[PDB]
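Next comes just one chain, in structure tokens: the form deposited in one PDB entry.
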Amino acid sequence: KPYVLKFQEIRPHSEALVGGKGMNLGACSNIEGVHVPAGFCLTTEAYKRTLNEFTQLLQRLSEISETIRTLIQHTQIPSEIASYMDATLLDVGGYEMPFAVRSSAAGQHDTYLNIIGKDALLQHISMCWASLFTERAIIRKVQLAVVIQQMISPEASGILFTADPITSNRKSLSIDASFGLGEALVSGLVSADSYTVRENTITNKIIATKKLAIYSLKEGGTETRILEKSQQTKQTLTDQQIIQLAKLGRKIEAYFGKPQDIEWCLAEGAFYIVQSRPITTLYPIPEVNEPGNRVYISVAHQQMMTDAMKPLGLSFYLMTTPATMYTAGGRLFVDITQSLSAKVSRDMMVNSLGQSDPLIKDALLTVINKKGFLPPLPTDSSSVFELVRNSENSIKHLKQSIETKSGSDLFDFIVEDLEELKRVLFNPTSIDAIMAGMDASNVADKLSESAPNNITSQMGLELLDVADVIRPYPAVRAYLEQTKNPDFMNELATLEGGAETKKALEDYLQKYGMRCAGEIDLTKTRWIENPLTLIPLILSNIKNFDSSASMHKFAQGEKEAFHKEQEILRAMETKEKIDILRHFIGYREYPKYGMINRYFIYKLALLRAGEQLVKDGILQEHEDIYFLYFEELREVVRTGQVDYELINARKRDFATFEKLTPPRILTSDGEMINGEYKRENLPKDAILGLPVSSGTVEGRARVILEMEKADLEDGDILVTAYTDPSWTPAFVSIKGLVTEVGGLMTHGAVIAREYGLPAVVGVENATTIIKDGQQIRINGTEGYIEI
């Protein structure tokens, strides 16, 4: 409550009084052995008493802020606030000395360098209040504060990262060094060098053509020019100055406990710190107990599912998998350090996951040959139909036994049923079945086209079946395209056709509504929980199709399958080898279908177990159970208590985890190791990936993440992060496929070869580089855009 706060007198955690930037300076001030330019902060309550008229306008949209901005400029600061300003300013050099006017709120406001005089500073303080109402700051009522510290006139300045911004390696240190002052509004006109330090050794130096530099002229800041070889020839910092700055950086990192973003200035051989912020863009570290250097591999990349998962979702995958895993950033990992400490164990993993995709193999070889990260090495055909029915009989008994149970023994029941889930999924008979399919295997693929009893194939095909019973009744499309409303399946009967489509739509939801995009995450909304997700894909099947499209495109397959059956005819060992393949491989996607069925049954049982948690007065909202791990959730039910400061923490963490993309290889130092494609005799421009389906075509790119933005017309090419079996019904309206992750024999990869759809997977950052709308080119090998 003091009007003016000096840096070394700032109270921990009261940001609201001083602001983030000021609290940072108030923290770096107490760091022994670190020089922070003396100064103080104008209390946010000085911004408040400087204000009856001002409220005239904060009600008016509780672009003419150019009157409310000039008001604060013309509104003069009270004599006492001005007096307190005079005292603390005189203690840090007084007037006749230069100071920096910096505002402290995320976002950005106005900061003014090198201001001298009482009148000039009073004006700039008011201009900083004005920065709150330029049409940028606009898109409530908050309190701003102003930092006033000694203006440094350095030879060099720049930024410092205690962790490599790209690789996220915490034992790496990046420095951006440039001559002259820093910029409040950074423009690409003051370039800088880039140094990289691991520990006391320089690992990388990038010198830049720095033609321009900002110098604090007697008052204000002119931008002079440097001599041609004062740019090139001169490192911004000497080899020792870089190391000195590095040590200076990790002394601040050790103080805050977190990797910091530090702004520095260099005057007369001495360094000064003007700002320090925690880095919030790093990929988190798996919480593991034994101390050595560790290498983790991404389960996400193995499962072709890179999206972040909620706690409860992570739990159910952990309980499903026998192998011990670890969680980091909403993704799961497997510690393979033990297998990379033995030569026999090393190779057997490299060539097992290697040719599957060179990115993993390259990433493995990357970590293996690192600078001593790792220790050196010291001197049956009738089998199908029952497995299907046994699965169906295993689901029916589960579903009518969960409605039986609730409370605490509900969790006792799920844990037990997970064991049954295991011996159905890991059933030797079930995996001996498709071993026969895969061992039955160029010539083999198209010979296996249009094989019945494939659960995901029917899902895509029956959607077309659904599409053609829907269609005559025109009367049912207008309502469909404005509906923001999830419960659209109620007003179908008030209209004609909608009743007869509902029956066809509900029958679909009975067999295929249990899936979704990323079924692996149990907490993710299924199709029957929100049928509004299938709207575009069904409309897309409506916008372009037949009376019985499911018949023909199915029909297409077996006749091209019916002219290859005997190119080879004109040797009867081969005839059923083809079938024991054909009549089987449709089952290769049923264990997946059987598992996620049990998922949804648990979910409904757990959700209603959460609905009783809101009526007991324990839960605020319904689906907050997603942010608790399984065992935590067991205890909340057994107790009647719960920490919501953890829940909200889980909520913001998950939101942070969504902006991240998991690495194929993650180290104990946080370093993200993805693979790299080997390329020459291939176009300069080309973005590289993995070949999946032979073919070359071009067309319009549709970068689509959710299956709700899936407005697919004819000549489009689908560009997404991953292709799930639930994504496969969309393969009827596209011409090409580009995914950030995929395999040579995922189901998407299979039906892409049957339809003749050229597809490329393993294309890193494909949903960021390829902007939606661009005409792109794709080839079975590599594929790049056409401007």
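Residue numbers run from 1 along the displayed sequence. Between two forms, the rigid core is the largest collection of C-alphas that superpose within 1.5 Å.
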Residues with no coordinates between residue 51 and residue 52, taken from the deposited sequence as a class: 1 to 3
Select one of none, 1 to 3, 4 to 9, or 10 or more to describe the deposited residues without coordinates separating residue 139 and residue 140. 4 to 9
Read off the CA B-factors in the entry, average them over 292 to 300 and over 426 to 434, and name the higher stretch. 426 to 434
Looking only at CA atoms, which has the higher mean B factor in the entry: 614 to 622 or 571 to 579? 571 to 579
Which of 735, 60, 753, 35 ranks first by CA B-factor in the deposited coordinates: 60
From 440, 673, 181, 270, can you pick the one with the highest C-alpha B factor in the entry? 440
For residue 766, return the chain-relative third of its C-alpha B-factor as stated in the PDB record: lowest, middle or highest. lowest
Where does residue 278 sit by CA temperature factor within its chain: lowest, middle or highest third? lowest
CA B-factor placement of residue 43, once the chain's modelled residues are sorted into thirds: highest
Within-chain third of residue 97 by Cα B-factor, per the entry: lowest
Looking at the entry's B-factor column for C-alpha atoms only, identify whether residue 18 ranks in the lowest, middle or highest third of its chain. middle
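What follows is about the form deposited with a small molecule bound, which we do not show.
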At the 4.5 Å heavy atom threshold, is residue 322 in contact with the small molecule in the bound PDB entry? yes
Heavy atom of residue 435 within 4.5 Å of the small molecule in the bound PDB entry: yes
I'd like to know if residue 588 sits close to the small molecule in the bound PDB entry, meaning any non-hydrogen atom pair within 4.5 angstroms. yes
Residue-level contact is defined here as any heavy atom of the residue lying within 4.5 Å of the small molecule in the bound PDB entry; does residue 426 satisfy this criterion? yes
Considering the small molecule in the bound PDB entry, which of 334, 461, 208, 686 comes within 4.5 Å of it through any heavy atom? 334
Contact residue in the bound PDB entry, from 145, 132, 359, 299 (heavy atom within 4.5 Å of the small molecule): 299
Which single stretch, out of 641 to 649, 347 to 355, 655 to 663, 395 to 403, brings residue heavy atoms within 4.5 Å of the small molecule in the bound PDB entry? 347 to 355
Which of the listed residues (649, 435, 368, 655) moves its Cα by 2 Å or more between this form and the one not shown when the core is kept in place? 435
Taking the rigid core as the frame, does residue 451 move its C-alpha by 2 Å or more between this form and the one not shown? yes
So that I can tell if residue 564 moves, could you say whether its C-alpha shifts by at least 2 Å between this form and the one not shown after the core superposition? yes
Core-aligned CA displacement of residue 280 at least 2 Å between this form and the one not shown: no
Closer or farther: how do the Cα atoms of residue 652 and residue 485 compare in the bound PDB entry relative to this form, given a change of at least 3 Å? farther
